[PDB]
Amino acid sequence: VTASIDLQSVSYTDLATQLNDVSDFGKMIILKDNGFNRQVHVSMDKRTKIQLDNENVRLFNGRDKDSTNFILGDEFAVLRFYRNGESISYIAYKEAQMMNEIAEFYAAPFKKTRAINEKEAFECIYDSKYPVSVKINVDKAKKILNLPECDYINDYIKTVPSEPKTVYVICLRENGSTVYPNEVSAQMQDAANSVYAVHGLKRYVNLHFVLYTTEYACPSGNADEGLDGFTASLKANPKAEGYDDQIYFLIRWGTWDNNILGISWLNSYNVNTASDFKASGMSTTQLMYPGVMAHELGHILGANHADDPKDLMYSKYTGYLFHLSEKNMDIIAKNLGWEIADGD
Amino acid sequence: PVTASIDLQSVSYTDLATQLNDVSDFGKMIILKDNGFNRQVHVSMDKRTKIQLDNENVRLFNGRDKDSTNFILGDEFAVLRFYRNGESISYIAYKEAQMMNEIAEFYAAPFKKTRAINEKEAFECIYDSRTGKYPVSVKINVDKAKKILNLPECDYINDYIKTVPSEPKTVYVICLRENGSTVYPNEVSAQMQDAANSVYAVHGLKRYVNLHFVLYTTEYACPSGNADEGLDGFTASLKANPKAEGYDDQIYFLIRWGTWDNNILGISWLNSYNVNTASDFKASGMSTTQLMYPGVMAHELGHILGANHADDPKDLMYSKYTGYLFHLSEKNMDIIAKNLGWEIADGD
Ligand SMILES: COc1cc(=O)n(C)c2c(OC[C@@H](O)C(C)(C)O)cccc12
Ligand SMILES: COc1cc(=O)n(C)c2c(OC[C@@H](O)C(C)(C)O)cccc12
Ligand code: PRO
Ligand code: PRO
Ligand SMILES: [Cl-]
Ligand SMILES: [Cl-]
Ligand SMILES: [Cl-]
Ligand SMILES: [Zn+2]
Ligand SMILES: [Zn+2]
């Protein structure tokens, strides 16, 4: 009997038991949903490392055709897959108090209004009572909640190895900000996978995300002023001494003035010349805006805004998570040590 | 390029986690330093063994054979254990201040009655270099600690009851915290690591098996202090447990902190696990997990895999408890490896 996950009752223990059994060779897992099943071949993601306040977070992938990824920490697990182009997440926290808190947090925006189609956008999942997970379709949720259109308008400021190079992405929880591990990890996973999908870049780089708290807080709602202050705080921080050549993000749950989702120094990271904390940006981590860190990481690696409305780098926020621009893909890969003669 | 280092005069959980979390597929050089001590170790992730303790993921790390160094890393704790001049030294660091304080008090308590003059070489609370008030880790030299403490002689006398693949076979080692028992994650994981490494060191057995340890609580408690009666009841509790249905072919340990009557450290069903015939929860045993008796789970796992008591006093399978963690008996090594699918023609 093939291993399975029942999406009508999926808990943290269910996801952890299955994902912890994934060996080097991968594992078939059936996702079961109202009598319809999806067989996914799950593998450990060996390219990316993540710590959130030193808590280890592991990533898992399906095959490209499976359009499925997982996240696993000691405290939470995530299953994220697509249906009719929409992003559906199952988020399960291990501790009952935290699972109850998370369920209330995600349910609260929907309680203000009373949608007739609320369950397809948001649903508390119970064991076959307190919730064991939540199901959120962020595309459907954004249509019900009628959120202000947060975009990427002026979200940037201008200024073959045998072993991939490790590049740390040092994320710093802004002073006074509260972020949720499932949300931060999802941004990190989408950011890393947007890079590996380009020109076989896992041969050149392995991204290592870490999360700490910083004393820095943006002095205003302005993203440009905030990024200026953030990069200045890194240069003056004794804790960052010796790491001026890594990538940095100031993260928060919310957004900046003019519904700016994030901002970064354009074309500020190159594997040979990285220095002076230039490769820095800021990003929201809220669930309803997947791919913001990926978009900002794209700018740091040199990607400009793209003309295809399905591109991660489109000037408007779309929810698409991959680079489609060949010009951007070449710029990003060249900044990470790739050359055309190396192929994909 | 400055080699990474661990300062054993101030080593904390954060120190060990940041170093071990930086270990890639290719390994990492780390210098262990202390007053009058240095060791350059090439650290690698242990990809053979998986561990969850109540679903908390625990990762193992190895040095080269000549480094005599291993590490354990969980979200809540980290361990560095190395051998120096024939003695086993562990640095145990818990992330949370409350738990680190509790752990430091727990390890210090046996020494507070026997106030030895040479206490620091056996046990020491380690503090941070800039502040320290509360300990960031504890150093325990088990061999020196056993000479200071008047511990009763705990042994293995009658601790056994006589009842190449391309991908290694996964074998779960399902450990169950006995009802009413309190165990510490650094202690349980050290027993698991030593047990797994005693198997892989024999006939290149990582080609045949990858051990996956899990820890849960059981409602079972031994009805008395008798290890034989305890093991009988434990194997019976597995056969009657609905949670274990479908897993009768895995390996099981009932674990506790303490020992059984007659200072018995553990017990197991001899020659009860074979990769082709494993069934009926036969591959089961019991093991202490206390820090001062490293290798008990390894010794009991040896018996489950068919190893008999060996005559070399340096063998893991010697009938007396020694603290040695490897099989030396060629007869035992062949029995264990054959029970895991190995054949002489396969080589090492
Ligand atoms: C507020 O900034 C930081 C806060 C903080 O706590 N730390 C530790 C920082 C930091 O350390 C990462 C470092 O240990 C590596 C990359 C080796 O894993 C580097 C840069 C910044 C910080
Ligand atoms: C008290 O015994 C048990 C308690 C308990 O909670 N569980 C889950 C047990 C169990 O499951 C292991 C299982 O999830 C696998 C091997 C897939 O990882 C097997 C055998 C026993 C137990
Ligand atoms: O995953 C589990 O088993 C529990 C159920 C609710 C909260 N977490
Ligand atoms: O459903 C849709 O159209 C959007 C586009 C990308 C993510 N989902
Ligand atoms: Cl929300
Ligand atoms: Cl800071
Ligand atoms: Cl039970
Ligand atoms: Zn942009
Ligand atoms: Zn024995």
# chains A, B, ... in the order shown; residues from 1 in each chain; ligands from 1

call {"tool": "residues_near_ligand", "arguments": {"ligand": "ligand 2", "cutoff": "9 Å", "atoms": "only C-alpha atoms and all ligand atoms", "output": "tab-separated table (two decimals) with N, CA, C and O atoms, in the first residue's frame"}}
result
chain	number	residue	atom	x	y	z
A	13	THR	N	1.48	15.70	12.62
A	13	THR	CA	2.04	14.36	12.79
A	13	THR	C	1.95	13.57	11.48
A	13	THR	O	2.94	12.93	11.11
A	14	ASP	N	0.85	13.70	10.74
A	14	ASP	CA	0.68	13.00	9.45
A	14	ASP	C	1.77	13.42	8.47
A	14	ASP	O	2.43	12.55	7.91
A	17	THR	N	5.43	12.39	9.79
A	17	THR	CA	5.68	10.95	9.67
A	17	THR	C	6.04	10.56	8.23
A	17	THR	O	6.96	9.75	8.00
A	18	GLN	N	5.32	11.14	7.28
A	18	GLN	CA	5.54	10.84	5.87
A	18	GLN	C	6.83	11.47	5.37
A	18	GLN	O	7.67	10.77	4.78
A	20	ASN	N	9.44	12.62	7.11
A	20	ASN	CA	10.61	12.06	7.79
A	20	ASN	C	11.00	10.68	7.24
A	20	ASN	O	12.13	10.24	7.44
A	21	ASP	N	10.08	10.00	6.51
A	21	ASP	CA	10.40	8.72	5.92
A	21	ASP	C	11.01	8.86	4.49
A	21	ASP	O	11.42	7.85	3.90
B	54	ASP	N	9.99	12.05	19.67
B	54	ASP	CA	8.65	12.65	19.80
B	54	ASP	C	8.40	13.62	18.59
B	54	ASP	O	7.97	14.77	18.76
B	171	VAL	N	15.43	0.27	8.27
B	171	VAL	CA	14.94	-0.49	9.40
B	171	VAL	C	14.67	0.49	10.52
B	171	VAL	O	15.59	1.21	10.93
B	172	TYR	N	13.42	0.56	10.99
B	172	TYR	CA	13.10	1.44	12.09
B	172	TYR	C	13.48	0.79	13.41
B	172	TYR	O	13.27	-0.41	13.61
B	173	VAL	N	14.01	1.59	14.31
B	173	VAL	CA	14.31	1.22	15.67
B	173	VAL	C	13.38	2.06	16.52
B	173	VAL	O	13.59	3.27	16.71
B	174	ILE	N	12.26	1.47	16.88
B	174	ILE	CA	11.19	2.14	17.58
B	174	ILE	C	11.45	2.06	19.07
B	174	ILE	O	11.35	1.01	19.70
B	175	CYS	N	11.84	3.20	19.63
B	175	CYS	CA	12.14	3.32	21.04
B	175	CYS	C	10.94	3.86	21.74
B	175	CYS	O	10.26	4.75	21.22
B	176	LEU	N	10.63	3.29	22.90
B	176	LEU	CA	9.45	3.66	23.63
B	176	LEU	C	9.81	4.02	25.03
B	176	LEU	O	10.38	3.22	25.76
B	177	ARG	N	9.51	5.25	25.40
B	177	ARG	CA	9.73	5.77	26.73
B	177	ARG	C	8.78	5.07	27.66
B	177	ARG	O	7.56	5.20	27.55
B	212	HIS	N	16.53	3.97	11.24
B	212	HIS	CA	15.69	5.13	11.50
B	212	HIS	C	15.13	4.99	12.90
B	212	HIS	O	14.25	4.17	13.14
B	213	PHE	N	15.65	5.80	13.83
B	213	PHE	CA	15.18	5.75	15.20
B	213	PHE	C	14.02	6.67	15.39
B	213	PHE	O	14.05	7.81	14.91
B	214	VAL	N	13.03	6.22	16.13
B	214	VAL	CA	11.92	7.07	16.52
B	214	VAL	C	11.69	6.88	18.02
B	214	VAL	O	12.00	5.81	18.56
B	215	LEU	N	11.19	7.91	18.70
B	215	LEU	CA	10.89	7.80	20.12
B	215	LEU	C	9.47	8.24	20.37
B	215	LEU	O	9.10	9.34	19.98
B	216	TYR	N	8.69	7.38	21.03
B	216	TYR	CA	7.32	7.69	21.48
B	216	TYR	C	7.19	7.28	22.94
B	216	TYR	O	8.06	6.59	23.45
B	217	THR	N	6.07	7.62	23.58
B	217	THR	CA	5.82	7.15	24.94
B	217	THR	C	4.95	5.91	24.85
B	217	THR	O	4.15	5.79	23.93
B	218	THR	N	5.12	4.97	25.77
B	218	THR	CA	4.24	3.81	25.82
B	218	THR	C	3.53	3.79	27.17
B	218	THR	O	4.04	4.32	28.16
B	219	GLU	N	2.33	3.20	27.19
B	219	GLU	CA	1.62	3.00	28.45
B	219	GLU	C	2.25	1.86	29.26
B	219	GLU	O	2.00	1.74	30.46
B	220	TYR	N	3.05	1.00	28.61
B	220	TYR	CA	3.69	-0.12	29.27
B	220	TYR	C	4.72	0.35	30.28
B	220	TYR	O	5.54	1.24	30.03
B	237	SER	N	3.27	-6.41	25.18
B	237	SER	CA	2.58	-5.13	25.00
B	237	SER	C	2.63	-4.68	23.52
B	237	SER	O	1.66	-4.12	23.03
B	238	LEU	N	3.74	-4.95	22.82
B	238	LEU	CA	3.86	-4.62	21.39
B	238	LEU	C	2.87	-5.42	20.54
B	238	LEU	O	2.21	-4.85	19.66
B	241	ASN	N	-0.59	-3.95	20.97
B	241	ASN	CA	-0.73	-2.52	20.72
B	241	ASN	C	-1.21	-2.21	19.31
B	241	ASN	O	-0.49	-2.48	18.34
B	242	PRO	N	-2.40	-1.58	19.19
B	242	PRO	CA	-2.92	-1.23	17.85
B	242	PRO	C	-2.03	-0.24	17.11
B	242	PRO	O	-1.96	-0.28	15.89
B	243	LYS	N	-1.31	0.63	17.84
B	243	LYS	CA	-0.40	1.59	17.22
B	243	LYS	C	0.78	0.90	16.51
B	243	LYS	O	1.36	1.48	15.61
B	244	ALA	N	1.14	-0.33	16.94
B	244	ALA	CA	2.26	-1.05	16.32
B	244	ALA	C	1.82	-2.00	15.19
B	244	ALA	O	2.68	-2.65	14.59
B	245	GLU	N	0.51	-2.10	14.90
B	245	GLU	CA	0.02	-3.00	13.87
B	245	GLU	C	0.62	-2.64	12.50
B	245	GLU	O	0.70	-1.46	12.14
B	246	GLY	N	1.13	-3.65	11.82
B	246	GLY	CA	1.80	-3.46	10.54
B	246	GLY	C	3.29	-3.24	10.66
B	246	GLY	O	3.98	-3.14	9.65
B	247	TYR	N	3.84	-3.18	11.90
B	247	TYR	CA	5.27	-2.95	12.11
B	247	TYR	C	5.91	-4.05	12.97
B	247	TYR	O	6.86	-3.78	13.71
B	248	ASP	N	5.43	-5.29	12.84
B	248	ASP	CA	5.96	-6.41	13.62
B	248	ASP	C	7.39	-6.84	13.21
B	248	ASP	O	8.00	-7.65	13.89
B	250	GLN	N	9.94	-4.62	12.64
B	250	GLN	CA	10.91	-3.58	12.97
B	250	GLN	C	11.61	-3.96	14.30
B	250	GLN	O	11.31	-5.01	14.89
B	252	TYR	N	12.58	-2.89	18.29
B	252	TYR	CA	11.99	-2.13	19.36
B	252	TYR	C	12.83	-2.10	20.61
B	252	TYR	O	13.37	-3.12	21.01

call {"tool": "residues_near_ligand", "arguments": {"ligand": "ligand 3", "cutoff": "6 Å", "atoms": "only C-alpha atoms and all ligand atoms", "output": "list in words"}}
result
residues 11, 12, 13, 93, 94, 95, 96, 99 and 132 of chain A

call {"tool": "write_last_selection", "arguments": {"atoms": "N, CA, C and O atoms", "output": "compact mmCIF listing (two decimals), in the first residue's frame"}}
result
# COMPACT_ATOMS: atom_id res chain seq x y z
N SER A 11 -2.80 16.38 9.65
CA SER A 11 -2.25 16.98 10.84
C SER A 11 -0.73 17.18 10.70
O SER A 11 -0.12 16.66 9.76
N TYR A 12 -0.10 17.82 11.70
CA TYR A 12 1.36 17.96 11.68
C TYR A 12 2.00 16.58 11.74
O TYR A 12 2.92 16.32 10.99
N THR A 13 1.48 15.70 12.62
CA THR A 13 2.04 14.36 12.79
C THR A 13 1.95 13.57 11.48
O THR A 13 2.94 12.93 11.11
N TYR A 93 0.49 23.07 12.47
CA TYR A 93 1.44 23.30 13.56
C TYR A 93 1.31 22.15 14.55
O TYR A 93 0.21 21.62 14.80
N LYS A 94 2.45 21.73 15.10
CA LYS A 94 2.50 20.61 16.02
C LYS A 94 1.77 20.86 17.35
O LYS A 94 0.99 20.01 17.78
N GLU A 95 2.05 21.98 18.01
CA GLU A 95 1.47 22.26 19.31
C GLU A 95 0.03 22.73 19.17
O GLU A 95 -0.26 23.54 18.29
N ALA A 96 -0.86 22.19 20.02
CA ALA A 96 -2.28 22.54 19.99
C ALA A 96 -2.49 24.05 20.15
O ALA A 96 -3.21 24.64 19.35
N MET A 99 -1.38 25.77 16.92
CA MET A 99 -2.29 25.43 15.83
C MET A 99 -3.60 26.21 15.98
O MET A 99 -4.09 26.76 15.01
N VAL A 132 -6.52 20.58 13.23
CA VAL A 132 -5.21 19.93 13.08
C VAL A 132 -4.39 20.61 11.95
O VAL A 132 -3.17 20.43 11.87

call {"tool": "closest_atom_pairs", "arguments": {"of": "chain A", "to": "ligand 5", "cutoff": "12 Å", "atoms": "only C-alpha atoms and all ligand atoms", "output": "Markdown table"}}
result
| residue | atom | partner | partner_atom_place_in_ligand_line | distance |
| --- | --- | --- | --- | --- |
| A:101 | CA | ligand 5 | 1 (Cl) | 11.5 |
| A:102 | CA | ligand 5 | 1 (Cl) | 9.0 |
| A:103 | CA | ligand 5 | 1 (Cl) | 9.5 |
| A:104 | CA | ligand 5 | 1 (Cl) | 9.2 |
| A:105 | CA | ligand 5 | 1 (Cl) | 5.9 |
| A:106 | CA | ligand 5 | 1 (Cl) | 4.5 |
| A:107 | CA | ligand 5 | 1 (Cl) | 7.4 |
| A:108 | CA | ligand 5 | 1 (Cl) | 7.4 |
| A:109 | CA | ligand 5 | 1 (Cl) | 6.5 |
| A:110 | CA | ligand 5 | 1 (Cl) | 9.1 |
| A:111 | CA | ligand 5 | 1 (Cl) | 11.5 |
| A:121 | CA | ligand 5 | 1 (Cl) | 11.9 |
| A:122 | CA | ligand 5 | 1 (Cl) | 10.4 |
| A:134 | CA | ligand 5 | 1 (Cl) | 11.6 |
| A:136 | CA | ligand 5 | 1 (Cl) | 9.8 |
| A:137 | CA | ligand 5 | 1 (Cl) | 11.8 |
| A:138 | CA | ligand 5 | 1 (Cl) | 9.8 |
| A:141 | CA | ligand 5 | 1 (Cl) | 9.6 |
| A:142 | CA | ligand 5 | 1 (Cl) | 10.3 |
| A:145 | CA | ligand 5 | 1 (Cl) | 10.1 |
| A:147 | CA | ligand 5 | 1 (Cl) | 11.1 |
| A:179 | CA | ligand 5 | 1 (Cl) | 11.0 |
| A:180 | CA | ligand 5 | 1 (Cl) | 10.2 |
| A:182 | CA | ligand 5 | 1 (Cl) | 11.9 |
| A:183 | CA | ligand 5 | 1 (Cl) | 10.0 |
| A:253 | CA | ligand 5 | 1 (Cl) | 9.5 |
| A:254 | CA | ligand 5 | 1 (Cl) | 10.3 |
| A:285 | CA | ligand 5 | 1 (Cl) | 10.7 |
| A:286 | CA | ligand 5 | 1 (Cl) | 7.1 |
| A:287 | CA | ligand 5 | 1 (Cl) | 6.9 |
| A:288 | CA | ligand 5 | 1 (Cl) | 7.4 |
| A:289 | CA | ligand 5 | 1 (Cl) | 10.5 |

call {"tool": "residues_near_ligand", "arguments": {"ligand": "ligand 4", "cutoff": "7 Å", "atoms": "only C-alpha atoms and all ligand atoms", "output": "ChimeraX atom specification"}}
result
/A:84-87,139,318-320

call {"tool": "write_last_selection", "arguments": {"atoms": "N, CA and C atoms", "output": "PDB file, in the first residue's frame"}}
result
ATOM      1  N   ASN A  84      -5.784  24.374 -10.919  1.00  0.00           N
ATOM      2  CA  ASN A  84      -6.297  25.395 -11.848  1.00  0.00           C
ATOM      3  C   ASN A  84      -5.479  26.706 -11.714  1.00  0.00           C
ATOM      4  N   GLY A  85      -4.165  26.569 -11.599  1.00  0.00           N
ATOM      5  CA  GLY A  85      -3.254  27.697 -11.429  1.00  0.00           C
ATOM      6  C   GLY A  85      -3.257  28.376 -10.068  1.00  0.00           C
ATOM      7  N   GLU A  86      -4.105  27.927  -9.134  1.00  0.00           N
ATOM      8  CA  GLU A  86      -4.209  28.538  -7.816  1.00  0.00           C
ATOM      9  C   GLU A  86      -3.382  27.788  -6.791  1.00  0.00           C
ATOM     10  N   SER A  87      -2.768  28.563  -5.887  1.00  0.00           N
ATOM     11  CA  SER A  87      -1.871  28.069  -4.860  1.00  0.00           C
ATOM     12  C   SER A  87      -2.635  27.670  -3.619  1.00  0.00           C
ATOM     13  N   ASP A 139      -5.285  32.480  -3.832  1.00  0.00           N
ATOM     14  CA  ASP A 139      -5.916  33.172  -4.963  1.00  0.00           C
ATOM     15  C   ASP A 139      -7.402  33.411  -4.689  1.00  0.00           C
ATOM     16  N   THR A 318       1.755  39.320  -9.241  1.00  0.00           N
ATOM     17  CA  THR A 318       0.886  38.340  -9.900  1.00  0.00           C
ATOM     18  C   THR A 318       0.715  37.036  -9.154  1.00  0.00           C
ATOM     19  N   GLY A 319       1.728  36.630  -8.402  1.00  0.00           N
ATOM     20  CA  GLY A 319       1.700  35.323  -7.764  1.00  0.00           C
ATOM     21  C   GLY A 319       2.432  34.268  -8.589  1.00  0.00           C
ATOM     22  N   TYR A 320       2.990  34.642  -9.763  1.00  0.00           N
ATOM     23  CA  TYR A 320       3.826  33.749 -10.556  1.00  0.00           C
ATOM     24  C   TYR A 320       5.211  33.730  -9.922  1.00  0.00           C
TER      25      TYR A 320
END

call {"tool": "atom_distance", "arguments": {"atom1": "atom CA of residue B:344", "atom2": "atom CA of residue B:164"}}
result
10.8 Å

call {"tool": "residues_around", "arguments": {"residues": "stretch 245-252 of chain A", "least_positions_apart": "5", "cutoff": "7 Å", "atoms": "only C-alpha atoms", "output": "ChimeraX atom specification"}}
result
/A:167-174,177-179,274-277,279-285

call {"tool": "write_last_selection", "arguments": {"atoms": "N, CA, C and O atoms", "output": "mmCIF file, in the first residue's frame"}}
result
data_model
loop_
_atom_site.group_PDB
_atom_site.id
_atom_site.type_symbol
_atom_site.label_atom_id
_atom_site.label_comp_id
_atom_site.auth_asym_id
_atom_site.auth_seq_id
_atom_site.Cartn_x
_atom_site.Cartn_y
_atom_site.Cartn_z
ATOM 1 N N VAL A 167 25.814 30.433 -0.407
ATOM 2 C CA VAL A 167 25.523 31.843 -0.216
ATOM 3 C C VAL A 167 24.465 31.948 0.837
ATOM 4 O O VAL A 167 23.385 31.374 0.678
ATOM 5 N N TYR A 168 24.774 32.643 1.947
ATOM 6 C CA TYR A 168 23.787 32.839 2.987
ATOM 7 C C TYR A 168 22.853 33.970 2.625
ATOM 8 O O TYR A 168 23.276 35.012 2.115
ATOM 9 N N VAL A 169 21.578 33.759 2.906
ATOM 10 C CA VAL A 169 20.539 34.767 2.790
ATOM 11 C C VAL A 169 20.108 35.028 4.222
ATOM 12 O O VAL A 169 19.384 34.225 4.837
ATOM 13 N N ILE A 170 20.656 36.093 4.793
ATOM 14 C CA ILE A 170 20.455 36.430 6.185
ATOM 15 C C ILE A 170 19.235 37.310 6.296
ATOM 16 O O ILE A 170 19.241 38.474 5.900
ATOM 17 N N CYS A 171 18.165 36.725 6.806
ATOM 18 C CA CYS A 171 16.908 37.405 6.997
ATOM 19 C C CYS A 171 16.835 37.895 8.412
ATOM 20 O O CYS A 171 17.262 37.210 9.335
ATOM 21 N N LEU A 172 16.365 39.120 8.570
ATOM 22 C CA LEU A 172 16.324 39.757 9.862
ATOM 23 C C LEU A 172 14.933 40.229 10.129
ATOM 24 O O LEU A 172 14.386 41.040 9.396
ATOM 25 N N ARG A 173 14.342 39.691 11.173
ATOM 26 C CA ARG A 173 13.026 40.077 11.631
ATOM 27 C C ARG A 173 13.113 41.504 12.154
ATOM 28 O O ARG A 173 13.802 41.780 13.141
ATOM 29 N N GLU A 174 12.411 42.428 11.489
ATOM 30 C CA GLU A 174 12.407 43.821 11.889
ATOM 31 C C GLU A 174 11.968 43.992 13.344
ATOM 32 O O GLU A 174 11.126 43.242 13.834
ATOM 33 N N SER A 177 8.339 43.447 14.746
ATOM 34 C CA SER A 177 7.563 42.673 13.797
ATOM 35 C C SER A 177 7.370 41.246 14.285
ATOM 36 O O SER A 177 8.250 40.687 14.938
ATOM 37 N N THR A 178 6.243 40.666 13.961
ATOM 38 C CA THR A 178 5.904 39.290 14.252
ATOM 39 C C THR A 178 5.742 38.586 12.926
ATOM 40 O O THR A 178 4.988 39.054 12.076
ATOM 41 N N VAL A 179 6.494 37.515 12.705
ATOM 42 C CA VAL A 179 6.362 36.738 11.478
ATOM 43 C C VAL A 179 6.042 35.285 11.877
ATOM 44 O O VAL A 179 6.289 34.869 13.013
ATOM 45 N N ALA A 274 30.841 40.517 -4.365
ATOM 46 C CA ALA A 274 29.932 40.837 -3.256
ATOM 47 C C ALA A 274 30.654 41.478 -2.062
ATOM 48 O O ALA A 274 31.690 40.973 -1.622
ATOM 49 N N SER A 275 30.153 42.623 -1.606
ATOM 50 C CA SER A 275 30.780 43.354 -0.517
ATOM 51 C C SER A 275 29.857 44.449 0.033
ATOM 52 O O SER A 275 28.820 44.744 -0.552
ATOM 53 N N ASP A 276 30.266 45.051 1.151
ATOM 54 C CA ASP A 276 29.695 46.221 1.801
ATOM 55 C C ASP A 276 28.200 46.123 2.045
ATOM 56 O O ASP A 276 27.523 47.149 2.063
ATOM 57 N N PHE A 277 27.687 44.893 2.242
ATOM 58 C CA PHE A 277 26.266 44.671 2.504
ATOM 59 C C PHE A 277 25.368 45.246 1.393
ATOM 60 O O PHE A 277 24.195 45.542 1.649
ATOM 61 N N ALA A 279 24.161 43.718 -1.216
ATOM 62 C CA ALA A 279 23.124 42.766 -1.591
ATOM 63 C C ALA A 279 22.080 42.678 -0.498
ATOM 64 O O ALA A 279 21.972 41.676 0.204
ATOM 65 N N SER A 280 21.304 43.753 -0.350
ATOM 66 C CA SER A 280 20.304 43.819 0.692
ATOM 67 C C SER A 280 18.974 44.335 0.158
ATOM 68 O O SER A 280 18.901 45.060 -0.845
ATOM 69 N N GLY A 281 17.927 43.887 0.808
ATOM 70 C CA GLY A 281 16.575 44.281 0.459
ATOM 71 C C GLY A 281 15.642 44.097 1.634
ATOM 72 O O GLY A 281 16.062 43.799 2.759
ATOM 73 N N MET A 282 14.364 44.338 1.387
ATOM 74 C CA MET A 282 13.320 44.181 2.390
ATOM 75 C C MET A 282 12.174 43.430 1.748
ATOM 76 O O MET A 282 11.920 43.599 0.556
ATOM 77 N N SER A 283 11.462 42.619 2.531
ATOM 78 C CA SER A 283 10.372 41.847 1.978
ATOM 79 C C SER A 283 9.276 41.601 2.978
ATOM 80 O O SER A 283 9.555 41.248 4.118
ATOM 81 N N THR A 284 8.027 41.680 2.530
ATOM 82 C CA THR A 284 6.912 41.192 3.333
ATOM 83 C C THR A 284 7.022 39.643 3.353
ATOM 84 O O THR A 284 7.668 39.052 2.470
ATOM 85 N N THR A 285 6.385 39.001 4.320
ATOM 86 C CA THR A 285 6.354 37.534 4.341
ATOM 87 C C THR A 285 4.924 37.019 4.470
ATOM 88 O O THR A 285 4.753 35.815 4.592
#

call {"tool": "residues_near_ligand", "arguments": {"ligand": "ligand 1", "cutoff": "7 Å", "atoms": "only C-alpha atoms and all ligand atoms", "output": "list in words"}}
result
residues 168, 170, 172, 210, 212, 213, 214, 234, 237, 239, 240, 241 and 243 of chain A; 18 of chain B

call {"tool": "write_last_selection", "arguments": {"atoms": "N, CA and C atoms", "output": "tab-separated table (two decimals), in the first residue's frame"}}
result
chain	number	residue	atom	x	y	z
A	168	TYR	N	24.77	32.64	1.95
A	168	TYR	CA	23.79	32.84	2.99
A	168	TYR	C	22.85	33.97	2.62
A	170	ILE	N	20.66	36.09	4.79
A	170	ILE	CA	20.45	36.43	6.19
A	170	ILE	C	19.23	37.31	6.30
A	172	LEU	N	16.36	39.12	8.57
A	172	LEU	CA	16.32	39.76	9.86
A	172	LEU	C	14.93	40.23	10.13
A	210	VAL	N	18.98	32.02	6.91
A	210	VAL	CA	18.96	32.06	8.37
A	210	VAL	C	18.04	33.21	8.78
A	212	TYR	N	17.23	35.82	12.09
A	212	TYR	CA	17.51	36.39	13.41
A	212	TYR	C	16.65	37.63	13.60
A	213	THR	N	16.62	38.20	14.79
A	213	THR	CA	15.91	39.45	15.02
A	213	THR	C	16.93	40.58	14.93
A	214	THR	N	16.52	41.74	14.43
A	214	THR	CA	17.40	42.90	14.43
A	214	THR	C	16.79	44.01	15.28
A	234	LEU	N	23.27	47.43	8.81
A	234	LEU	CA	24.15	46.27	8.59
A	234	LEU	C	25.63	46.67	8.64
A	237	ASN	N	26.60	47.21	12.26
A	237	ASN	CA	26.30	46.12	13.18
A	237	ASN	C	27.49	45.21	13.41
A	239	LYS	N	27.51	42.37	14.89
A	239	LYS	CA	27.10	40.99	14.64
A	239	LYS	C	27.26	40.59	13.16
A	240	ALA	N	27.24	41.57	12.23
A	240	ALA	CA	27.38	41.26	10.81
A	240	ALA	C	28.82	41.37	10.29
A	241	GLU	N	29.78	41.75	11.16
A	241	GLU	CA	31.19	41.89	10.77
A	241	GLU	C	31.73	40.58	10.20
A	243	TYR	N	30.66	39.37	7.30
A	243	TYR	CA	29.66	38.80	6.39
A	243	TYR	C	29.10	39.85	5.43
B	18	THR	N	25.39	26.71	14.82
B	18	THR	CA	25.83	27.50	13.66
B	18	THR	C	26.95	26.77	12.92

call {"tool": "closest_residue", "arguments": {"among": "B:278, B:93, B:125, B:317", "to": "residue B:157", "atoms": "only C-alpha atoms"}}
result
B:317

call {"tool": "select_by_dssp", "arguments": {"residues": "stretch 6-85 of chain B", "states": "alpha helix (DSSP H)", "output": "list in words"}}
result
residues 13, 14, 15, 16, 17, 18, 19 and 20 of chain B

call {"tool": "interface_residues", "arguments": {"of": "chain B", "to": "chain A", "cutoff": "12 Å", "atoms": "only C-alpha atoms", "output": "ChimeraX atom specification"}}
result
/B:1-2,13-27,47-59,73-78,95-96,166-172,210-214,246

call {"tool": "closest_residue", "arguments": {"among": "B:318, B:342, B:234, B:293", "to": "ligand 7", "atoms": "only C-alpha atoms and all ligand atoms"}}
result
B:234

call {"tool": "closest_residue", "arguments": {"among": "B:300, B:65, B:128, B:119", "to": "ligand 9", "atoms": "only C-alpha atoms and all ligand atoms"}}
result
B:300
